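Student: Please read through the structure below; I'll follow up with questions.
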Amino acid sequence: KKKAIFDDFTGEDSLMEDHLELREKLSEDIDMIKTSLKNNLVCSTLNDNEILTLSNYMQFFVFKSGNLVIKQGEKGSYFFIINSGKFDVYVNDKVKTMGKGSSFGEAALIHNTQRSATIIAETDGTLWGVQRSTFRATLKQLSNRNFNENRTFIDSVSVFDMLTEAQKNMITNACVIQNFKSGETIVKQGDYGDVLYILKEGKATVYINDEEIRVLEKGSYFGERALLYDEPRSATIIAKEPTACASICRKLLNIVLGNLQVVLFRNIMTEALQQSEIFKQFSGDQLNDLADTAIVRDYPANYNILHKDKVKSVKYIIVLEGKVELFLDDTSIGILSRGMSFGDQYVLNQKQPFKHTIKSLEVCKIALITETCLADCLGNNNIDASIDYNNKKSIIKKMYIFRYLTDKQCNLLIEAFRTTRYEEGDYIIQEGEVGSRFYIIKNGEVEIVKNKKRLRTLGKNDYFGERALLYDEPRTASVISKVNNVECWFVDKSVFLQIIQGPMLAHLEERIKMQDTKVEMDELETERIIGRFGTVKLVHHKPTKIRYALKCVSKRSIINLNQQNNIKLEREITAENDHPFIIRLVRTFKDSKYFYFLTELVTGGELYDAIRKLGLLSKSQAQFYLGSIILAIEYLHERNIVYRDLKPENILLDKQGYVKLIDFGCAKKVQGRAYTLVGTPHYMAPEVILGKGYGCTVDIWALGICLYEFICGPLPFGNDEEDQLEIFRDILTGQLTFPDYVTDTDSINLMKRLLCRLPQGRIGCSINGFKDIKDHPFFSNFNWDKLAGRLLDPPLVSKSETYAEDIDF
């Protein structure tokens with residue numbers, strides 16, 4: 001017995017196939033398409049070469065009088081431009097009538113949507129047409145290939161060599177394509193240059209003092225200096241044939257990157273310090289400090305920069321430009337070029353005399369690091385204390401339980417650690433006893449043994465015994481010293497509980513208990529339904545009496561919608577999330593008919609109901625909720641996740657009034673530029689709509705939409721609009737205004753900078769990342785440490801609980 005095969009070959013797409021005819025395009029055809037697309041909502045930002053390519057994908061369609069083109073209520077896919085004849089319209093089976101030059105079905109280019117009108121042909125007329133799939137696919141291909149071409153051209157430009165991978169990708173998105181006709185001047189001699197040009201196609205002639213010097217082709221570039229200095233152009237460059245250039249202006253580069261020269265030297269110094277066996281062990285913040293504080297100096301060629309015994313405060317040097325030679329008395333040790341460095345032994349032993357000599361081999365630039373520079377940046381006169389301090393800090397800043405404590409709290413915790421020794425065979429912890437110490441291995445190896453079964457071996461910088469800080473319980477496993485000379489850092493529970501305060505302790509006490517509880521489906525009892533894909537049940541775990549949420553999703557509903565890859569990806573993202581303001585997944589389950597997600601139960605209600613109870617937010621209330629979202633979003637962007645559906649509906653409050661981001665169905669791990677149109681229209685960024693690619697920046701746009709809601713009340717774009725097209729039009733072209741009762745300069749500026757249409761110029765989307773938002777004057781009185789450390793009073797704490805109402809899982 002064999003199954004038959006069976007739909008979707010009888011829509012409006014199949015109707016257009018019947019009317020399709022072949023037609024070679026004339027000059028009258030292309031020009032007529034170019035004009036209609038340039039006036040259209042999606043294509044008005046596009047250049048001529050993109051519009052020309054799109055214009056070639058237009059198909060020709062022929063209609064006799066009485067033939068239906070579009071019917072009302074049918075799902076729409078094509079966009080049309082009337083080539084000849086008249087076409088009547090029926091608004092609710094009744095309105096307009098339009099002929100050559102006009103267009104319709106614009107919304108179809110963006111999204112699959114029901115047709116408003118129904119257009120019948122009045123006379124023997126013809127249409128130019130294109131389908132959504134082809135249109136979006138074409139924009140995707142134009143943008144992707146443009147970016148990749150421009151990226152490999154950036155790699156050939158030597159002034160950008162010391163940019164990082166992320167920084168090069170950033171400046172690639174700052175490239176503007178510029179097309180030039182034959183005989184057109186690209187740059188003129190004596191003009192003050194602020195633009196770097198790279199030839200993509202064509203040829204240009206270089207003239208100096210009216211004399212023909214040379215010809216530039218694909219891959220040639222000029223104006224490197226124009227990105228650094230403000231000087232006269234050295235030559236006049238005129239296009240010889242039709243020519244395309246990628247250009248980057250200094251103005252946009254300074255927005256994207258800041259001072260290019262500063263960034264390059266910072267990167268050289270930062271990479272040099274990361275090769276040092278001493279400077280390796282310090283944090284990125286400390287290395288950026290050393291880089292930003294180092295004395296930078298130029299020296300001439302064949303110059304003794306440092307000479308045995310005559311050196312005073314200088315302990316370390318990094319070559320930024322040129323070359324120097326390192327000597328010990330008369331013996332040559334080596335040549336240091338860009339990014340190489342010297343002085344480890346003098347950094348470690350700052351009182352010992354300088355015995356080396358550094359002589360320049362050519363004109364050079366050097367970064368000098370002194371005793372004062374080290375003390376100020378590494379925060380101590382003693383270097384071994386600093387190293388020791390940061391070794392502990394690095395380890396605890398990775399752990400959930402310590403990393404959201406404040407800098408004061410974290411510093412008190414680090415100072416409290418003491419050292420103890422153990423020999424081969426010693427039990428550091430014995431299974432059974434009630435523990436009270438947390439351990440970090442400084443030197444040696446230890447075995448973890450649970451119920452006589454070796455679980456794993458831990459070594460230098462691993463940690464154990466964490467739960468004893470939160471709970472008074474018996475120890476679940478023993479920890480035995482593998483070898484002699486084992487040394488641990490340790491801190492006692494009692495000190496941790498002095499440092500930490502009530503709210504944060506309760507958060508950790510609840511979270512770790514529920515996380516670590518091994519839960520089976522046998523052991524759960526449904527209490528009530530709290531959400532209607534599938535259902536969300538408030539469940540109760542009988543052995544521990546801990547309460548959870550259990551989201552159930554129909555396995556048959558997933559197969560029928562081809563969400564098999566998407567549910568795997570949702571699980572993967574939802575599982576990795578470990579942040580206090582993001583919902584925490586405990587476990588997943590699988591059976592014959594369902595996929596289950598078991599999460600923490602969130603009891604404080606929805607954010608969308610909190611803001612309606614509070615009304616328009618005060619500055620501190622808006623700071624609190626926006627700040628919370630910022631930290632959650634920042635967490636995700638650090639892991640290359642774009643959330644894509646940020647809105648108050650997807651944010652719950654916990655018992656304490658702190659927020660939890662939920663619903664990761666729209667989230668994606670970004671690998672390059674994303675193109676699929678996903679989200680809630682009122683919150684969707686313009687770069688999602690326009691279809692030329694996007695990444696993590698879309699969440700920062702939505703953040704500005706949310707802030708506007710909080711302070712002003714209504715949505716900034718499309719507030720009183722149901723129809724999706726008109727919402728999108730307002731997002732793309734509408735004027736951003738504020739009510740008469742919103743006047744706070746810092747609130748207005750932040751909303752304006754967050755709702756910048758160009759993602760490249762949007763606050764938070766430059767080199768400093770979220771730091772620019774966090775340091776914005778709007779947050780000037782806001783303590784980010786206290787937010788994450790649960791030390792702020794929230795705007796709203798609820799009196800009771802409120803709720804709405806193959807595969808490896």
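Numbering starts at 1 and runs along the chain as it is shown here.
Header says: X-ray crystallography, 2.5 Å.
Cβ coordinates come from backbone N, Cα and C, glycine included.
Pulled these features from Swiss-Prot for this protein:
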BINDING   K96, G105, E106, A108, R115, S116  3',5'-cyclic GMP 1 binding site
REGION    159-258  region 'cNMP-binding domain 2'
REGION    278-381  region 'cNMP-binding domain 3'
REGION    401-500  region 'cNMP-binding domain 4'
BINDING   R456, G465, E466, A468, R475, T476  3',5'-cyclic GMP 2 binding site
ACT_SITE  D645  active site, proton acceptor
Student: Please spell out the DSSP helix, strand and coil residue counts for the region 'cNMP-binding domain 4' (401-500).
Tutor: 24 helix, 41 strand, 35 coil
Student: Near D645 (active site, proton acceptor), meaning Cα within 10 Å, which of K96, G105, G465, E466, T476 (binding-site residues)?
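Tutor: So the list reads none.
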Student: Please report, as a whole number of Å, how far the Cα of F533 is from the Cα of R532, with 2 residues unmodelled between the two.
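Tutor: Output for the chain break: 8 Å between Cα atoms.
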Student: Of the residues named as 3',5'-cyclic GMP 1 binders, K96, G105, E106, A108, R115, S116, how far apart in Å are the Cα atoms of the most distant pair?
Tutor: 20
Student: Tell me the coarse DSSP state (helix, strand, coil) of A108 (3',5'-cyclic GMP 1 binding site).
Tutor: helix
Student: If the 3',5'-cyclic GMP 2 binders are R456, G465, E466, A468, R475, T476 per the record, what's the largest distance between their Cα atoms, in Å?
Tutor: 19
Student: Between the binding-site residues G105, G465, whose Cβ has more other Cβ atoms within 10 Å than any of the rest?
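Tutor: Its Cβ has the most other Cβ atoms within 10 Å: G105.
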Student: Need one number: the Cα separation in whole Å between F6 and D7 across the 2 missing residues.
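Tutor: Cα of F6 to Cα of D7, across the missing 2: 6 Å.
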Student: Which binding-site residues are spatial neighbours of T476 (3',5'-cyclic GMP 2 binding site) here, meaning Cα within 10 Å, out of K96, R115, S116?
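Tutor: Of everything listed, nothing lies within 10 Å of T476 (3',5'-cyclic GMP 2 binding site) (Cα to Cα).
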Student: Which one is it, among the binding-site residues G465, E466, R475, that lies nearest to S116 (3',5'-cyclic GMP 1 binding site) by Cα separation?
Tutor: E466
Student: Between the binding-site residues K96, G105, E106, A108, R115, which lies closest to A468 (3',5'-cyclic GMP 2 binding site), Cα to Cα?
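Tutor: Among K96, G105, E106, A108, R115, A108.
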Student: Sorry to bug you, but what's the C-alpha spacing from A108 (3',5'-cyclic GMP 1 binding site) to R456 (3',5'-cyclic GMP 2 binding site), rounded to the closest Å?
Tutor: 58
Student: When the Cα of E106 (3',5'-cyclic GMP 1 binding site) is compared with the Cα of each of the binding-site residues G465, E466, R475, which one is closest?
Tutor: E466
Student: What's the end-to-end span in Å, taking the Cα of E805 and the Cα of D806, for the 25-residue unmodelled region?
Tutor: 32
Student: Just name the most isolated of the binding-site residues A108, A468, going by other Cβ atoms within 10 Å of its Cβ.
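Tutor: Ranked by other Cβ atoms within 10 Å, the binding-site residues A108, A468 bottom out at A468.
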Student: Quick one: of the binding-site residues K96, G105, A108, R115, which has its CA closest to the CA of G465 (3',5'-cyclic GMP 2 binding site)?
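Tutor: Its closest listed neighbour, by Cα, is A108.
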Student: Using DSSP, how many residues in the region 'cNMP-binding domain 2' (159-258) fall into helix, strand and coil?
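Tutor: Tallied per class, the region 'cNMP-binding domain 2' (159-258) gives 22 helix, 41 strand, 37 coil.
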